[PDB]
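Have a look at the structure below before the remarks.
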Amino acid sequence: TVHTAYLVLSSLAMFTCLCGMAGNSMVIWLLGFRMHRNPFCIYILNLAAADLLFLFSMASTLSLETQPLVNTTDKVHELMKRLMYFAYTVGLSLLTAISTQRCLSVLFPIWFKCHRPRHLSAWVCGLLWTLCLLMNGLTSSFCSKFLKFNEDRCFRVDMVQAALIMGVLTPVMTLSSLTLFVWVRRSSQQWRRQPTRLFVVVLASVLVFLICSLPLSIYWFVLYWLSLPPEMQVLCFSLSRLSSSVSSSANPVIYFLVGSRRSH
Ligand SMILES: CCCCCCCCCCCCCCCC(=O)O
Ligand SMILES: CCCCCCCCCCCCCCCC(=O)O
Ligand SMILES: CCCCCCCCCCCCCCCC(=O)O
Ligand SMILES: CCCCCCCCCCCCCCCC(=O)O
């Protein structure tokens, strides 16, 4: 019954996590000190690193939660689960930043070329990492069974994190991507040959972000606390992990391969 769906989806999650390790390692290798004169390369490398950490963290979590969590595979297990959620949050924030950068590259092209700071991406990434680390430190300091545990404070932290994500990251990313789509459609499709590639890649990015990345967020930060019966909460959690791992493994294909002008 449910114990078969759980194990099969966990096996799928492990497989896509390992594929994500391979892909993100290749992307990291291909972006070292070079192929970064393009303003669209710092974000991709940072996203690859964050996705690699996130997929490694689920790989470890799935390996550890198989064997009994008696006394020694529990503290490290929760540590790397917190690491996984931190990396997931920073990856979602990086996706939002990438979409906003792509939108601004066409909404304000003169500013993007002759006025954007050469290191704007660098400190935006640094600020995103710092904010994600601070928020996840708050989350772990109020929700961990080891560090410091509470019910009301943990619920409040989860609620504020869910509000932040679902009211900043999803609206900003969706509006930026749809503004890019509409601007290209209503400004370039009429004059030149229709940019079919741009439309299809933008739609694929939005679709994969909406139906693959959010499930884990909407489960962990919302569906966890709402009173839901068991034997179905496991299914939601496992579907969320599989969708998020698929999204993180497909990010290198949809962001680096589509946009590999330099490596061509
Ligand atoms: C207020 C809470 C935190 C909100 C963080 C939002 C992160 C995504 C939006 C800004 C990122 C992209 C900024 C411009 C990037 C560029 O054009 O190089
Ligand atoms: C962190 C992201 C910051 C984004 C700031 C956007 C700057 C826009 C500046 C005004 C538009 C300049 C180019 C068009 C000029 C015009 O309107 O005629
Ligand atoms: C876990 C906390 C980490 C905090 C700092 C993380 C910084 C990640 C890397 C940001 C900059 C990447 C390289 C930029 C190079 C450049 O364009 O000069
Ligand atoms: C560099 C970014 C910040 C990283 C650290 C974030 C804060 C750590 C977690 C909070 C620990 C203490 C929380 C309050 C404890 C209490 O009120 O009993």
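Residues displayed in chain A correspond, in order, to Swiss-Prot positions 22-285.
Per the header: electron microscopy, 3.2 Å.
Every residue, even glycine, has its Cβ placed from backbone N, Cα and C.
Annotated in Swiss-Prot:
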{"type": "CARBOHYD", "residues": "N92", "note": "N-linked glycosylation site"}
{"type": "TOPO_DOM", "residues": "55-59", "note": "topological domain 'Cytoplasmic'"}
{"type": "TOPO_DOM", "residues": "81-112", "note": "topological domain 'Extracellular'"}
{"type": "TOPO_DOM", "residues": "134-142", "note": "topological domain 'Cytoplasmic'"}
{"type": "TOPO_DOM", "residues": "164-184", "note": "topological domain 'Extracellular'"}
{"type": "TOPO_DOM", "residues": "206-218", "note": "topological domain 'Cytoplasmic'"}
{"type": "TOPO_DOM", "residues": "240-257", "note": "topological domain 'Extracellular'"}
{"type": "TRANSMEM", "residues": "34-54", "note": "transmembrane segment"}
{"type": "TRANSMEM", "residues": "60-80", "note": "transmembrane segment"}
{"type": "TRANSMEM", "residues": "113-133", "note": "transmembrane segment"}
{"type": "TRANSMEM", "residues": "143-163", "note": "transmembrane segment"}
{"type": "TRANSMEM", "residues": "185-205", "note": "transmembrane segment"}
{"type": "TRANSMEM", "residues": "219-239", "note": "transmembrane segment"}
{"type": "TRANSMEM", "residues": "258-280", "note": "transmembrane segment"}
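Counted over residue pairs 6 or more apart, the CB atoms of the transmembrane segment (143-163) and the transmembrane segment (258-280) come under 8 Å in fewer than three pairs, which marks the two as apart. Stretch with the largest number of CB pairs closer than 8 A to the transmembrane segment (258-280), among 60-80, 113-133, 219-239: 219-239.
With a cut-off of 8 Å between Cβ atoms, the residues of this chain six or more beyond the transmembrane segment (113-133) that come close are 60-61, 64-65, 67-68, 71, 142, 145-146, 149, 152-153, 186, 189-190, 193-194, 197-198, 200-201, 204-205, 226, 230, 234, 238, 272, 276. Within the same chain, residues 23, 26-27, 106, 176, 179-180, 182-183, 186 sit at least 6 positions outside the topological domain 'Extracellular' (240-257) and bring their C-beta atoms closer than 8 Å to a C-beta of that stretch.
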